[PDB]
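Protein chains in written order, with my numbering: chain A, 1 to 193; chain B, 1001 to 1096; chain C, 2001 to 2087; chain D, 3001 to 3008; chain E, 4001 to 4108.
C-beta atoms are modelled at their ideal positions from N, C-alpha and C, and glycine is treated no differently.
Worksheet for the structure shown next.
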Amino acid sequence: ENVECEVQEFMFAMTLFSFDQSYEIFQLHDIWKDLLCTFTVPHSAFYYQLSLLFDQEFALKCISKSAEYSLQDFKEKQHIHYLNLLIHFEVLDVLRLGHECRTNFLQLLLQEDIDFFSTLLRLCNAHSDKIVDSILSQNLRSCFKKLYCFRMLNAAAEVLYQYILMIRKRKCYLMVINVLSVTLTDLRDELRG
Amino acid sequence: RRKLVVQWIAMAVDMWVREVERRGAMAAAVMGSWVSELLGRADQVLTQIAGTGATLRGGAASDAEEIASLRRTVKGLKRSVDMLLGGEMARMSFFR
Amino acid sequence: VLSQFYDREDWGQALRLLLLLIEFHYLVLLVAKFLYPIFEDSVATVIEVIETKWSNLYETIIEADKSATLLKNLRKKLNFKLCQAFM
Amino acid sequence: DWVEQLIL
Amino acid sequence: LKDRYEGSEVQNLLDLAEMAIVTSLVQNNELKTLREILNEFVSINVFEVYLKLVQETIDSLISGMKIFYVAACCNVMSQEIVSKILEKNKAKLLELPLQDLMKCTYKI
């Protein structure tokens, strides 16, 4: 506060970080090894470094802000970080639609996702009412299973149910008949036999 | 390392779902909303861990796709649990 | 009706209604109307049984209620199934 | 009693 | 006759043909069937086969007409849809476009 009064600004930032004041000053303007790397790079780098160093509120905030201001490696990293932070504290669907508009990466992310994930998916489907769809179907195919599959596909449902069937019987036949409303006749005959 | 805790929760809930589905077929021949909320928080923890992993000093974390996979599994389980909670559990002894 | 006037209670009442319908066309229509107005596994099973179970007086009653029926019923069933899947 | 006769 | 009644194809190669195509609903077999048809020389199916081995709109209309003329037809329609989707991967595309319903909705 004293001895500082561009260079003095950055000094004030890094000093006040070692958090609100720091971030504010830094943004307004424009461990040692990391700092050197950041200087060499010269916003994204700075936020990434801060997030890494506090890895917390400050970190997460800075990271999110930078990611927002920016929007293969960098993109993927940022996305993963944001998703993790949000699941720790919507985000899923956003990131997904974003990247869709690195497939195996997404497969792993959804792997981590798999109850909250299911709820988010349900929400997305409700909102709606290619690659993404296929990936989802594959992950689901990897009671609970049949239900999730059905919900997502909303033929796939029917196929899965039939395969599982090949109280439970009655429920399945019933669900199939309602969804369809040849197949019905067959189901009825089977239930009667 | 709460990544690993989330993986344990995913595995436990998965077995629980399979058990409920098995017990439903059994009787043809408890789970509350708190389990669904728990999987939502679990997804938030994973979004938080991945973000922190992307900004670590020295370089991004190597577990990016490993966490993306866990997210998918958790969403799939929240879907199944949400269907059971939403009525599919009272209709387990019925023909589909 | 008393239970209706008084969420779990509502579900119990709906279940009772479905059971009554199973034991017994007009009644079924009234039940469908009630379900639409309201708009888990047991509930789904009941809805299914009803669909499986599914004249002029009935049509008249349906018209009075609206103030096609089978289609509306199917739509309601689909909605219920979706809700169960989301849960 | 009334709810046992309805279930029947 | 003994085959139709017990629920063949080479004999047929030597209406009914459409029903056989229905039952068949792999690529090599399709090609062989096409060659047999050429040797013999319904038209709609031929157009569809030619497209599969590979004007497009005419083939589409032909296939739709065939579908109208049940399960096998629906299968063929789904296959055509899948092929179109693969080809896509603006106005002309929209013209070509003009569970199946759910798929169409997702597309829109």
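Alpha-carbon spacing of residue i relative to residue j, whole angstroms
i	j	result
residue 66 of chain A	residue 2048 of chain C	52 Å
residue 4060 of chain E	residue 1014 of chain B	46 Å
residue 2022 of chain C	residue 1095 of chain B	16 Å
residue 2064 of chain C	residue 179 of chain A	28 Å
residue 4040 of chain E	residue 185 of chain A	40 Å
residue 1090 of chain B	residue 2087 of chain C	12 Å
residue 1023 of chain B	residue 4073 of chain E	41 Å
residue 2082 of chain C	residue 4104 of chain E	19 Å
residue 1073 of chain B	residue 5 of chain A	54 Å
residue 1027 of chain B	residue 2002 of chain C	32 Å
residue 1030 of chain B	residue 2019 of chain C	25 Å
residue 1035 of chain B	residue 2031 of chain C	33 Å
residue 2084 of chain C	residue 2045 of chain C	11 Å
residue 93 of chain A	residue 2070 of chain C	36 Å
residue 23 of chain A	residue 1083 of chain B	44 Å
residue 4016 of chain E	residue 4022 of chain E	10 Å
residue 14 of chain A	residue 1050 of chain B	25 Å
residue 4026 of chain E	residue 1080 of chain B	37 Å
residue 4106 of chain E	residue 158 of chain A	18 Å
residue 4099 of chain E	residue 2013 of chain C	35 Å
CB contact flag (residue i, residue j, <9 Å)
i	j	result
residue 134 of chain A	residue 149 of chain A	no
residue 116 of chain A	residue 1044 of chain B	yes
residue 4080 of chain E	residue 4048 of chain E	yes
residue 64 of chain A	residue 85 of chain A	yes
residue 146 of chain A	residue 160 of chain A	yes
residue 2052 of chain C	residue 165 of chain A	no
residue 95 of chain A	residue 1056 of chain B	no
residue 77 of chain A	residue 1064 of chain B	yes
residue 2074 of chain C	residue 2026 of chain C	no
residue 119 of chain A	residue 1078 of chain B	yes
residue 80 of chain A	residue 1010 of chain B	no
residue 2035 of chain C	residue 2080 of chain C	yes
residue 2028 of chain C	residue 2054 of chain C	yes
residue 4066 of chain E	residue 4085 of chain E	no
residue 1086 of chain B	residue 140 of chain A	no
Residue i: first and last residue of the uninterrupted alpha helix (DSSP H) it sits in
i	result
residue 92 of chain A	91-100
residue 1010 of chain B	1002-1028
residue 1055 of chain B	Neither: residue 1055 of chain B is in no alpha helix (DSSP H) and is coded neither H nor E.
residue 22 of chain A	20-29
residue 52 of chain A	44-54
residue 2061 of chain C	2056-2066
residue 177 of chain A	168-180
residue 4100 of chain E	4100-4107
residue 4039 of chain E	4027-4040
residue 2034 of chain C	2026-2038
residue 1067 of chain B	1064-1083
residue 2040 of chain C	Run containing residue 2040 of chain C: none; DSSP gives neither H nor E here.
residue 33 of chain A	32-40
residue 89 of chain A	Element bounds for residue 89 of chain A: n/a, residue is neither H nor E.
Chain-ordered chain A contacts of residue i [CB-CB under 8 Å]
i	result
residue 1039 of chain B	115, 116, 117, 118, 119
As assigned by DSSP and simplified to three states, the class of residue i
i	result
residue 58 of chain A	helix
residue 965 of chain B	Outside the displayed range of chain B (1001 to 1096) lies residue 965 of chain B, so it cannot be described from this structure.
residue 4097 of chain E	coil
residue 4001 of chain E	coil
residue 159 of chain A	helix
residue 2054 of chain C	coil
residue 4077 of chain E	helix
residue 4064 of chain E	helix
residue 189 of chain A	helix
residue 130 of chain A	coil
residue 4 of chain A	coil
residue 4045 of chain E	helix
residue 2006 of chain C	coil
residue 4010 of chain E	helix
residue 1086 of chain B	helix
residue 6 of chain A	coil
residue 144 of chain A	helix
Proximal residues of chain A, C-beta to C-beta of residue i below 9 Å
i	result
residue 2048 of chain C	170, 171, 173, 174, 175, 177, 178
Per-residue contacts from residue i into chain C (C-beta, under 9 Å)
i	result
residue 1091 of chain B	2040, 2041, 2042, 2043, 2044, 2045, 2046, 2047, 2048, 2084
residue 1043 of chain B	Neighbours of residue 1043 of chain B on chain C: none; closest Cβ ~16 Å, over 9 Å.
Chain-ordered neighbours of residue i on chain C, where CB pairs are closer than 8 Å
i	result
residue 154 of chain A	2082, 2085
residue 181 of chain A	2051, 2074, 2077
Per-residue contacts from residue i into chain C (C-beta, under 7 Å)
i	result
residue 147 of chain A	2085
Chain-ordered chain E contacts of residue i [CB-CB under 7 Å]
i	result
residue 155 of chain A	4099
Partner residues on chain B for residue i, Cβ-Cβ distance less than 9 Å
i	result
residue 143 of chain A	1017, 1018, 1020, 1021, 1022, 1024, 1025, 1080, 1083, 1084, 1088, 1089, 1092
Within chain B, partners of residue i - CB distance below 7 Å
i	result
residue 130 of chain A	Going along chain B, no residue has its Cβ under 7 Å from residue 130 of chain A, so there is no contact; the nearest lies around 17 Å.
Neighbouring residues, chain D, relative to residue i (Cβ below 9 Å)
i	result
residue 2016 of chain C	3003, 3006, 3007
Partners in chain A for residue i, counting only beta-carbon separations shorter than 7 Å
i	result
residue 1076 of chain B	114, 117, 118, 139, 140, 148
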